[PDB]
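To start, the structure under review is shown below, and the notes come after it.
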Amino acid sequence: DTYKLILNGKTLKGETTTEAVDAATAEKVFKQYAXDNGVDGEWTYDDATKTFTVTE
């Protein structure tokens with residue numbers, strides 16, 4: 001299904017999606033994407049909304 005990543009970083013801000021079979025695939029894309037974008041913050045996940053949040 002479609003999973004969402006909400007980025008609230010110092011310089012990086014946005015919302016992206018990915019297509020994954022499960023959230024624990026989605027996390028290991030998002031936790032790559034957040035690497036590529038040098039994001040180092042606190043992560044939360046809400047299953048009801050299939051949304052990841054990372055906050056520097």
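Just a few scattered comments:
- Taking Cβ atoms as reference points and 13 Å as the exclusive limit, the residues near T51 contribute a net charge of -3, counting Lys and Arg as +1 and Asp and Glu as -1.
- Here the extension length gained between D47 and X35 equals 2.0 nm, from 0.36 nm per residue of separation less the Cα-Cα distance.
- Each 10 Å bin from 0 upward holds the following percent of the Cα-Cα pairs of the chain: 27, 60, 13, 0.
- On Cα atoms only, tilt of 23-36 relative to the major axis of the chain in degrees: 20
- Extension gain (nm, one decimal) between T25 and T2, 0.36 nm per residue minus Cα-Cα: 7.1 nm
- The mean sequence distance of close C-alpha pairs (under 8 Å, at least 6 residues apart), as a share of the length of the chain, puts its relative contact order at 42 percent.
Readers should treat all values here as calculations from the given coordinates under stated rules, not as data from a laboratory. All Cβ positions, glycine included, derive from the backbone under ideal geometry; neighbour counts span all protein chains shown.
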